[PDB]
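What follows is a set of notes on a single structure, which appears directly below.
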Amino acid sequence: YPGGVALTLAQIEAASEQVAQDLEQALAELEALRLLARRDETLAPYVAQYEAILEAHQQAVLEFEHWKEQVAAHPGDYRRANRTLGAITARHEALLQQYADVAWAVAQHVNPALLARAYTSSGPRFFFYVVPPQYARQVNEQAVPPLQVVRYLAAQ
Amino acid sequence: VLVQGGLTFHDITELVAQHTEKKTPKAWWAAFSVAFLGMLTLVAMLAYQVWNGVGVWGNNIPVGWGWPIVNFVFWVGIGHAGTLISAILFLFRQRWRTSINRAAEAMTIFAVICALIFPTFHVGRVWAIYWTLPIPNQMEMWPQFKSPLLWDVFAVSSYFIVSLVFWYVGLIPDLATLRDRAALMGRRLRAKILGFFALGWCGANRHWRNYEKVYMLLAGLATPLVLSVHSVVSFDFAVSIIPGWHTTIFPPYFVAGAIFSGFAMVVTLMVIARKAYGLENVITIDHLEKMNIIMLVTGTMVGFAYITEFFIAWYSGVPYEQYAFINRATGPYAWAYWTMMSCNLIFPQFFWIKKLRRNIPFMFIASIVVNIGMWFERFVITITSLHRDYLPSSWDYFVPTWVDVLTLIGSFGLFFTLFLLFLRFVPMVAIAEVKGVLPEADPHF
Amino acid sequence: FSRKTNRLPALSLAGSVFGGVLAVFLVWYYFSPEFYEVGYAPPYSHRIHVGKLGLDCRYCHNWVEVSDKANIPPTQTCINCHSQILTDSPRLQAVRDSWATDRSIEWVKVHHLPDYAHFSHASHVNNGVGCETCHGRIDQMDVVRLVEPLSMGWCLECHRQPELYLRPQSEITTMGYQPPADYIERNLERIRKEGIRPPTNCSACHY
Amino acid sequence: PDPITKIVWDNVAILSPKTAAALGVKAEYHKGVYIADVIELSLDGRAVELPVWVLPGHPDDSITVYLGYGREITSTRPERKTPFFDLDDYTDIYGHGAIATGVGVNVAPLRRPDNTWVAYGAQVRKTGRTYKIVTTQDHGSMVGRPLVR
Amino acid sequence: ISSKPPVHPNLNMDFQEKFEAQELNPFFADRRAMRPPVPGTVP
Ligand code: HEC
Ligand code: HEC
Ligand code: HEC
Ligand code: HEC
Ligand code: HEC
């Protein structure tokens, strides 16, 4: 338990700022999606399919303050920062991942192809004798956008 | 007056000494044979068990438990009787318990021994039960304190202790008396050296006052524990979602069951501890008379709950809890509940006739029958609503195996085996307070 | 009775106090009954294949980057080089015969945590954990000490306090690795980015 | 378990209560284990018996005797006795022999091979050896409960 | 240090009755769990 809680309090802040910058991006995309696919799809559940995440993402912001303030209030318990940080990044990467799964379907209808830039798209585990996932994570990371997914569809 | 005996302060010591003076009983040699044989049957089937597996008991999965934990509630519900007449009767200070008290925490502590074996053994993995304890173990693991099966452990691992330490402290003047006799008249000169449990006793002012407030303390500090021990062992049932359990009146109820079970055995011991090896002058029959009230209290308090059960089925029950008690009366266990409730209600409401039926031989034939319903009370309440609970798919009768019964029997075996063992060594009667309370110990003479 | 049992509370108290002292300063529960240097069928001597032959670990412990429960090599690996490098020793005639037969090499193992608590190297290695931490510094090890217990209470200290251990994944299999200064803050920036989120639960390995 | 009736480890004969109450057999249980009567059906002098179970679905004068379950098997492995102190018979399902022995009665040889699913002429004889028959469900027919709706 | 296989008291579930890959199999000619595949097979 190296040096207390105050060390981790810098990186937990560095996560919440990524969320705050994504309030802009998600709500910005929520404008753009209404602009891009006005009538090119069902859009009646499928637009709200993107909004339903948004009320959760904003709800976690007020929480991420409450999560964090319960840590910075008393820096004498190491077994809350690793957990609050493990919760944030999961509650963060989830919402990043949930935005994507709803956003890849956008291309799936506008384009007849959900693109080959969709995911790592590696394969099953027995397809490691040919393709270790190491290759794949350097494909996915260096090709796939987290939330530049629909702005990418402004190029289409 | 509450004891009928032409005694003085000395007359008890010569008599209880004669009950612990020399070692040559014959009925002992029969009891230690049949009882230890009962204990042999117990372990003959209890290690036969663990080398093989749980299912030799008659337990299906819906009714996972069967007779073992039923007997745990029995062999602890039977035991609260002994500790509470040590505690309660000092809280109300009825100055009446003295004739029987010291023989009772025995009747509790050995019940707790043959009780605690069941939670250690109706499990399938006995060896991995120390994990249940909150030791900082070989990893970063610890038990789950939302589990009444754990509360049971701390409770019984405290209730074996507090009832003991309150009994051991209860019997200090005995060891003083026996340590005092071992020199001048007794077994050997080397019984004195065995009686160091006196712990430098002299009966002094400086610490006898402390003994009183401690006996007060443990009275007002073991009763709040007794009302939590059996309540824990009821919480394990009623905390559940089962309709026949989730009814909230059960913890007071099972406690009253522990009353109506425990005194229903103490009388079985006192009758047979009154005929051959008896104390006519100290175990006054008027004592058993005023004893069966607090039984007959729970002869009706137990009965009122059956009404509530049988009522709430008609008042605002779930459509399952509606069925849960129709099962109890009408269904497979009609042999149990119709007769059980009637057994536990007829005989108490047939008990008070001739001024509480002071007659001694009726006590034995009744105190059994009052208790047999208790083993049904916990075989009914637990199991009769543990099958036929929220599915028809989980409908299965409970066929008890021939090994279920030899464990029940063996519980009587080890109980009598070890209850008799120390009882022949320690003195039966609480001789310290007997000659100190009702006789002329009062300074008004 | 006896006059000097004033000394008797001492042996009652002290010997009871020593009951605690002898209990807790004696435990060594997963440090005494773990570590051992077993006698193999042939002695591999990781010393030589690593310490003065300069092989990294992915050669013959293949499928540690991609699999779970990475494999001890087959006999075939020795036949890459010990078909025609030595051809002399009275130490591995089991090996040459084994390639010339079908009875595989009778390998004992270590670190055998039970098979009700599964494990995956690739889940760790790809996410930056090294063999120095867990399997010990093997580069000078004629036979395996298993210097770490590989029990839960130690298995879990990393999943609660990971950033004291994890490697940057650049040349992870380097036994002579001193980490840098400002190690920790250089690491947490990866858990913020890489998003590893170690497991604390029952679901991970015990199933 | 068969889907009709959660039956295991025995061939059976399923039929109506109206034939059962007109034949004289039952699926009585006083222990939640379904003790069962028998039939001793007899075709052309090739009779065998089997447990009768009852179902409220089947029609008059008809029984669906399932096949298999009467297939004698000859074991190479030992019966694997252990001391009476140890349980093996209840656990060692592969012990007393291989599996297919005595699990039920063989029924295929009885029929007539003309339209060789059906058959007539079973001079039923309600006889003894009324032994167990086991299920998982053990019951049925929820009392108007919210479980399928 | 403790050169023998160390004391593990509860051996109930260490060495499961089933056997994973690369584990002893006391049945076959070649004591081995893999039982390699016949030629011609295809994933
Ligand atoms: C590089 C960093 C690593 C190498 C090279 C190896 N390990 Fe691991 N390892 C660990 C355990 C608990 C086991 C036992 C597996 C089981 O019992 O199921 C293993 C296994 C191996 C083996 C083979 C031995 C076997 O078959 O059991 C090899 C060759 C091996 N490991 C090499 C534990 C850990 C661990 C801590 C988390 C780490 C980081 C690694 N192992 C990583 C490496
Ligand atoms: C082949 C040329 C090897 C090289 C290079 C390395 N290892 Fe090794 N390893 C090898 C074998 C055949 C064995 C079996 C052990 C025996 O009884 O001889 C091992 C053993 C290990 C182990 C212990 C596994 C076990 O037996 O339970 C570990 C953790 C291990 N090897 C790791 C390891 C690392 C990290 C290496 C490079 C740094 C390495 N090995 C080299 C084969 C070969
Ligand atoms: C080529 C890359 C090698 C592979 C693959 C393996 N080994 Fe090796 N081994 C190699 C050399 C060049 C040497 C000799 C170095 C020296 O110090 O003399 C060795 C040595 C051994 C020995 C020692 C032989 C003895 O002293 O009697 C053993 C037991 C040995 N090697 C075993 C071994 C095994 C079992 C291997 C596969 C699992 C293996 N080696 C791989 C070179 C190479
Ligand atoms: C560092 C010192 C570690 C030790 C020791 C152990 N683990 Fe680990 N583990 C570690 C990290 C950094 C991670 C997360 C990587 C990520 O990107 O998520 C993990 C993860 C696991 C998992 C993940 C779940 C899965 O994929 O199935 C498992 C099952 C796991 N670790 C198991 C495990 C066991 C059984 C260990 C000791 C016996 C163990 N880990 C030690 C880092 C470290
Ligand atoms: C790895 C990812 C684990 C996690 C998370 C947890 N456990 Fe653990 N446990 C693990 C191992 C590898 C071992 C073996 C230690 C040994 O004694 O050799 C254990 C041990 C246990 C045990 C003891 C088993 C024994 O044989 O003594 C228990 C009861 C246990 N673990 C429980 C447990 C629980 C309840 C956890 C979370 C809910 C848990 N473990 C986390 C691996 C891992």
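Within each chain, counting starts at residue 1; across the structure tokens, chains are named A, B, ... in the order shown, with ligands numbered 1 upward in that order.
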Exercise answer, 9 Å around ligand 2 with only C-alpha atoms and all ligand atoms, as a PyMOL selection string: chain C and resi 38-50+53-61+71-75+77-78+105-112+130-132+134-139+142-144+146+173-175
At most 6 Å from ligand 5 (only C-alpha atoms and all ligand atoms): residue list as a short mmCIF file (atom, residue, chain, number, x, y, z; two decimals) with N, CA and C atoms, in the first residue's frame:
data_model
loop_
_atom_site.label_atom_id
_atom_site.label_comp_id
_atom_site.auth_asym_id
_atom_site.auth_seq_id
_atom_site.Cartn_x
_atom_site.Cartn_y
_atom_site.Cartn_z
N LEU C 113 -1.37 -24.77 -8.64
CA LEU C 113 -2.58 -24.37 -7.99
C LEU C 113 -3.69 -25.32 -8.43
N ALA C 117 -9.47 -23.47 -9.72
CA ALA C 117 -9.18 -22.04 -9.72
C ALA C 117 -8.35 -21.80 -10.97
N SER C 151 -0.43 -18.84 -4.13
CA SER C 151 -1.67 -19.02 -3.41
C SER C 151 -2.51 -17.76 -3.54
N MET C 152 -3.74 -17.87 -3.07
CA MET C 152 -4.71 -16.82 -3.29
C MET C 152 -4.33 -15.53 -2.59
N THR C 200 -11.68 -8.83 -8.59
CA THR C 200 -11.71 -8.99 -7.15
C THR C 200 -12.69 -10.07 -6.71
N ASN C 201 -13.39 -10.69 -7.64
CA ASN C 201 -14.61 -11.41 -7.36
C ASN C 201 -14.36 -12.91 -7.29
N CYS C 202 -15.44 -13.67 -7.19
CA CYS C 202 -15.38 -15.12 -7.27
C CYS C 202 -15.47 -15.65 -8.66
N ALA C 204 -13.85 -14.86 -11.32
CA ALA C 204 -12.69 -14.76 -12.20
C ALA C 204 -12.04 -16.11 -12.43
N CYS C 205 -11.53 -16.71 -11.36
CA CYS C 205 -10.76 -17.94 -11.44
C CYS C 205 -11.45 -19.15 -10.83
N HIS C 206 -12.19 -18.98 -9.74
CA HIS C 206 -12.85 -20.13 -9.14
C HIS C 206 -14.01 -20.66 -9.95
N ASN E 10 -6.38 -30.48 2.24
CA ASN E 10 -7.62 -30.80 1.52
C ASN E 10 -7.31 -31.04 0.05
#
Neighbours of chain A in chain C at 12 Å, counting only C-alpha atoms, as an MDAnalysis selection string: chainID C and resid 62:68 122:123 125:127 157:165 169 182:200
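CA of residue 284 in chain B to CA of residue 360 in chain B spans 11.0 Å [interatomic distance, one decimal].
Using only C-alpha atoms and all ligand atoms, the nearest neighbour of ligand 4 within the list C:30, C:177, C:154, C:18 is C:154.
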Compile a residue-level contact table for chain D against chain B at a cut-off of 8 Å, reporting for every qualifying residue the shortest atom pair and its distance in Å to one decimal, with only C-alpha atoms counted, rows ordered by chain and ascending number, as a tab-separated table.
residue	atom	partner	partner_atom	distance
D:30	CA	B:332	CA	7.7
D:31	CA	B:397	CA	5.7
D:32	CA	B:397	CA	4.8
D:33	CA	B:397	CA	8.0
D:85	CA	B:48	CA	6.0
D:86	CA	B:52	CA	6.1
D:87	CA	B:52	CA	5.8
D:136	CA	B:393	CA	7.8
D:137	CA	B:393	CA	5.1
D:138	CA	B:396	CA	6.5
D:139	CA	B:395	CA	6.5
D:140	CA	B:392	CA	6.2
D:141	CA	B:392	CA	7.4
D:142	CA	B:392	CA	5.9
D:147	CA	B:391	CA	7.9
Spatial neighbours of residue 4 in chain D, 12 Å, only C-alpha atoms, chain gap at least 6 places, as number ranges by chain: D: 12, 14, 53-58, 64, 135, 137, 140
Contacts of residue 41 in chain B within 8 Å, only C-alpha atoms, excl. fewer than 5 positions in-chain, as a list in words: residues 406, 407 and 410 of chain B
Spatial neighbours of residue 104 in chain A, max dist 12 Å, only C-alpha atoms, sep filter under 4 positions, as a count of residues only: 29
Surrounding residues of residue 37 in chain D excluding itself and chain neighbours under 2 positions, 9 Å, only C-alpha atoms, as a PyMOL selection string: chain D and resi 25-28+35+39+50-53+126-132
Residue contacts of residue 8 in chain E (10 Å, only C-alpha atoms) excluding same-chain residues fewer than 5 positions away, as a PyMOL selection string: (chain C and resi 30+33-34) or (chain E and resi 14)
Members of range 82-153 of chain A assigned alpha helix (DSSP H) by DSSP, as a VMD selection string: chain A and resid 82 to 110 133 to 140
For CA of residue 175 in chain B and CA of residue 76 in chain B, the interatomic separation in Å (one decimal): 27.4 Å
Expected answer as a list in words: chain E residues within 12 Å of chain B, only C-alpha atoms: residues 9, 10, 11 and 12 of chain E
For the selection you just gave me, I'd like the residues written to a file as a PDB file, in the first residue's frame, keeping N, CA, C and O atoms.
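Result file out-v8.pdb:
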ATOM      1  N   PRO E   9      -3.541 -30.048   2.909  1.00  0.00           N
ATOM      2  CA  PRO E   9      -4.432 -30.972   3.619  1.00  0.00           C
ATOM      3  C   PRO E   9      -5.628 -31.428   2.803  1.00  0.00           C
ATOM      4  O   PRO E   9      -5.865 -32.631   2.672  1.00  0.00           O
ATOM      5  N   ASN E  10      -6.378 -30.484   2.239  1.00  0.00           N
ATOM      6  CA  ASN E  10      -7.615 -30.798   1.522  1.00  0.00           C
ATOM      7  C   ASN E  10      -7.306 -31.039   0.050  1.00  0.00           C
ATOM      8  O   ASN E  10      -7.419 -30.150  -0.793  1.00  0.00           O
ATOM      9  N   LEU E  11      -6.955 -32.289  -0.266  1.00  0.00           N
ATOM     10  CA  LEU E  11      -6.715 -32.729  -1.635  1.00  0.00           C
ATOM     11  C   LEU E  11      -7.988 -33.132  -2.352  1.00  0.00           C
ATOM     12  O   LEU E  11      -7.924 -33.899  -3.319  1.00  0.00           O
ATOM     13  N   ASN E  12      -9.136 -32.645  -1.885  1.00  0.00           N
ATOM     14  CA  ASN E  12     -10.414 -33.040  -2.457  1.00  0.00           C
ATOM     15  C   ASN E  12     -10.495 -32.702  -3.934  1.00  0.00           C
ATOM     16  O   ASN E  12     -10.962 -33.513  -4.742  1.00  0.00           O
TER      17      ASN E  12
END
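Interface residues on chain B toward chain C (cut-off 9 Å, only C-alpha atoms): residues 137, 138, 139, 140, 141, 192 and 193 of chain B.
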d(CA of residue 263 in chain B, CA of residue 431 in chain B) in Å: 20.9 Å
With DSSP run on the backbone, what are the strand (DSSP E or B) residues within range 2-78 of chain D? I'd like them as an mmCIF file with C-alpha atoms, in the first residue's frame.
data_model
loop_
_atom_site.group_PDB
_atom_site.id
_atom_site.type_symbol
_atom_site.label_atom_id
_atom_site.label_comp_id
_atom_site.auth_asym_id
_atom_site.auth_seq_id
_atom_site.Cartn_x
_atom_site.Cartn_y
_atom_site.Cartn_z
ATOM 1 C CA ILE D 7 -39.818 -40.739 -15.820
ATOM 2 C CA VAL D 38 -48.394 -53.958 -13.072
ATOM 3 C CA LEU D 41 -49.870 -58.075 -20.824
ATOM 4 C CA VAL D 48 -44.444 -59.930 -19.708
ATOM 5 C CA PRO D 51 -45.112 -50.882 -14.157
#
